[PDB]
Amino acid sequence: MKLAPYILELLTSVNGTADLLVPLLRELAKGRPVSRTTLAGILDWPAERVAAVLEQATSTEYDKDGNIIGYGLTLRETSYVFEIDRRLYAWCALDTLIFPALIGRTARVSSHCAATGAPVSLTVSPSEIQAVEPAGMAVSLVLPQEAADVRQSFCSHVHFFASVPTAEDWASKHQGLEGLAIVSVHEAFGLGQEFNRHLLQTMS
């Protein structure tokens, strides 16, 4: 029930990366592909720097023209719907809880329980979650692996569930996952707040 280990490792894997992160998310939030030169202009960075940082992010999604379309927040369909009239998507459940505070917008999030397929939805603002349906919604966490593909090693195991017991039944069948944990969606949101408050201090 102690979540510092997840906060610590998430920052490790994820993280001038932090300097690039927030501006990229806010761009992607406009609903369109982001070029390296647009990104570079926004940051006041030389192009080599932007490229170097992106090269460390192996899960980064690109379109036909090689522009950024996915980086946590994505234009390519996933199980995690992230609506701000735009319909965007997130790589994992925790992403949906973190992004709103970083982009300064409230988001309507929806998905399906990973154990049962039941619909789940909530509204996530920079400071709280609301309209949590179902109320007992849960989230799975694993410990990020430091040098691994973040989307495969972390994001693909970080789901919403209709309930904490339902989530725990599911977790009981999923060994092999490092540091697998079930928390309430409210606890997951608190984790995301901690993550952000730290991340922001790392920024220049």
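All residue numbers are counted from 1 along the displayed sequence.
Undergrad: Answer with none, 1 to 3, 4 to 9, or 10 or more: how many deposited residues between residue 132 and residue 133 are not present in the coordinates.
TA: None; the chain is continuous from residue 132 to residue 133.
Undergrad: How many residues that are in the deposited sequence but not in the model lie between residue 15 and residue 16: none, 1 to 3, 4 to 9, or 10 or more?
TA: In the deposited sequence, 1 to 3 residues between these two have no coordinates.
Undergrad: Quick one: higher average CA temperature factor, 187 to 195 or 6 to 14?
TA: Going by the record's values, the stretch with the higher mean is 6 to 14.
Undergrad: Which has higher Cα B-factors on average according to the PDB entry: 124 to 132 or 91 to 99?
TA: Going by the record's values, the stretch with the higher mean is 124 to 132.
Undergrad: Pick out which of 148, 34, 139, 47 has the highest C-alpha B-factor in the PDB entry.
TA: Among 148, 34, 139, 47, the highest C-alpha B-factor in the entry belongs to 47.
Undergrad: Per the coordinate record, which of the options 162, 143, 171, 51 holds the highest CA temperature factor?
TA: That would be 51, according to the entry.
Undergrad: Would you mind checking where the Cα B-factor of residue 61 ranks among the modelled residues of its chain, as the lowest, middle or highest third?
TA: Lowest third - that is where residue 61 ends up once the chain's C-alpha B-factors are sorted.
Undergrad: Once the chain's modelled residues are ordered by C-alpha B factor and cut into thirds, is residue 179 in the lowest, middle or highest one?
TA: Its C-alpha B-factor, which the entry lists for residue 179, ranks in the middle third among residues of this chain.
Undergrad: Lowest, middle or highest third of the chain for the C-alpha temperature factor of residue 76?
TA: For residue 76, whose C-alpha B-factor we compare with every modelled residue in the chain, the answer is the middle third.
Undergrad: Among all modelled residues of this chain, ranked by Cα B factor, put residue 86 in the bottom, middle or top third, i.e. lowest, middle or highest.
TA: Highest third - that is where residue 86 ends up once the chain's C-alpha B-factors are sorted.
Undergrad: What third of its chain, lowest, middle or highest, does the C-alpha temperature factor of residue 112 fall into?
TA: Lowest third, going by the recorded CA B-factors of the chain.
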